[PDB]
Amino acid sequence: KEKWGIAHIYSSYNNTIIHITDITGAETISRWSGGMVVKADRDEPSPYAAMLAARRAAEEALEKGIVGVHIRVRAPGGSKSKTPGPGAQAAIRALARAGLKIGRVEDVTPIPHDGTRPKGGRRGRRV
RNA sequence: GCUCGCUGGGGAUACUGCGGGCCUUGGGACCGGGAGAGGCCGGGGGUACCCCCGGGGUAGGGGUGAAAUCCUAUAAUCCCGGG
Ligand SMILES: [Mg+2]
Ligand SMILES: [Mg+2]
Ligand SMILES: [Mg+2]
Ligand SMILES: [Mg+2]
């Protein structure tokens, strides 16, 4: 038939993580981050690092029989920033280029209905 | 003229004071259909977050203007099932 999986993309201002699981999520097919493809901390969240990691993960997934994925992309969320970093969309485009079919795309950033207090004080970072 | 102050009497009744009568306009009481994150007490929920147990997977995660302390093979970051 068609073996379909899920691509979980975690994108912040400091790094990017691309993690492919099966359709239920309980089994890990492949997992690559920005620090595994570059040597400098400054380049970890760049679009090019996201492309490289997505390509490695997609190749490992294709060798094992995955044909397509559905995509779940998230920023850190909670009491941290709600906006994804610059690597998410580059990672999305690279998966399709490497040979995977793409299903539905959704954002799953966790959002509180008035949760906890964030760091920094009532004055924030002072730079 | 000044010591603008005191005292014996006579007259007036507009205003203020005091006594009696009569009002409803200010204020208060009550009745009707509605408005509101006003207050107190009891019950039922919402996501988010932290810790613990079990499954997967394996070398990094976190963080800055740039780094380091810190966390991680006693298996982290990430994903799934529960408390
Ligand atoms: Mg790193
Ligand atoms: Mg501090
Ligand atoms: Mg300064
Ligand atoms: Mg485990």
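Chain naming here is simple, since letters A, B, ... match the order of the sequence lines and numbering starts at 1 in each.
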Quiz prompt | side chain to side chain donor-acceptor pair (under 3.5 Å) against A:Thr21, all qualifying residues, sequence neighbours excluded | solution =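 Listed in chain order: A:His8.
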Exercise. Quick one: pull up CG in A:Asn15 and CG in A:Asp43 and give me the separation to the nearest 0.5 Å.
Key: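 Rounded to the nearest 0.5 Å, the CG-CG separation comes to 11.5 Å.
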Quiz item: Between which residue ranges does RNA chain B form stems of three or more consecutive Watson-Crick or G-U wobble pairs, both distances under 3.5 Å?
Solution: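 Stem list for RNA chain B: B:51-56 with B:78-83.
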Quiz item: Nucleotide by nucleotide, 5' to 3', does protein get under 4.0 Å of the base (B), only the sugar-phosphate (S), or neither (-) in nucleotides 74-83 of chain B, counting heavy atoms?
Solution: ---BBBS---
Exercise. Would you mind listing the cluster partners of A:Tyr48? Hydrophobic ones only (ILVMFWY), side-chain contacts under 4.5 Å, chaining allowed.
Key: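 Via sub-4.5 Å side-chain contacts, A:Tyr48 links to A:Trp32, A:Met36, A:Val37, A:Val38, A:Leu52.
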Practice problem: Share the residues that join A:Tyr13 in a hydrophobic cluster, the rule being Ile, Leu, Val, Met, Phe, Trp or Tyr side chains under 4.5 Å apart at the heavy-atom level. | Solution: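 ILVMFWY cluster around A:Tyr13 holds nothing else.
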RNA chain B contacts among [range], heavy-atom distance under 4.0 Å:
| range | value |
| --- | --- |
| residues 84-101 of chain A | none |
| residues 103-111 of chain A | A:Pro110, A:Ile111 |
| residues 43-56 of chain A | A:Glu44 |

Self-check item: Short side-chain N/O contact from A:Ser30 to OP1 or OP2 of B:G57, under 4.0 Å
Solution: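 For B:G57, neither OP1 nor OP2 has a side-chain N or O of A:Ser30 closer than 4.0 Å.
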Quiz item: Quick one: is B:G62 close enough that its OP1 or OP2 comes under 4.0 Å of any side-chain N or O from A:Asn14?
Solution: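 The answer is no; no side-chain N or O of A:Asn14 sits under 4.0 Å from OP1 or OP2.
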Self-check item: Any residue meeting salt bridge (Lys or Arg N to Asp or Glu O under 4.0 Å) with A:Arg72, in chain and number order, not counting sequence neighbours
Solution: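 In terms of salt bridge (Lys or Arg N to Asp or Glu O under 4.0 Å), with neighbours along the sequence ignored, A:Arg72 is linked to A:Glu106.
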What N/O pairs connect the protein and nucleotides 50-54 of chain B at under 3.5 Å? Give each pair on its own line.
none

Exercise. Could you check whether A:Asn15 gets within reach of a base, just the sugar-phosphate, or nothing at all, counting any heavy atom under 4.0 Å?
Key: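 Sugar-phosphate: the residue A:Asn15, judged by heavy atoms under 4.0 Å, touches backbone atoms but no base.
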Quiz item: Using a cut-off of 4.0 Å on non-hydrogen atoms, how would the nucleic acid contact of A:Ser33 be classed: base, sugar-phosphate, or nothing?
Solution: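 Sugar-phosphate, backbone atoms only, no base.
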Self-check item: Closest-nucleotide ordering on RNA chain B, the 5'-leading residue of A:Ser12 and A:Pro112
Solution: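 Closest to the 5' end, via its nearest nucleotide, is A:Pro112.
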Taking only distance into account, with no hydrogens and no angle test, what donor-acceptor pairs under 3.5 Å do side-chain atoms of residues 108-125 of chain A form with protein atoms, sequence neighbours excluded?
from: A:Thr109; atom 1: OG1; to: A:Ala75; atom 2: N; distance (Å): 3.2

Practice problem: Mind calculating the distance between CG (A:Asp114) and P (B:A37) to the nearest angstrom? | Solution: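 Computing the A:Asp114:CG to B:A37:P distance gives 19 Å.
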Quiz item: What residues, two or more places apart in sequence or in another chain, satisfy side chain to side chain contact (heavy atoms under 4.5 Å, CB included) together with A:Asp41?
Solution: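 Not a single residue meets the side chain to side chain contact (heavy atoms under 4.5 Å, CB included) criterion with A:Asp41.
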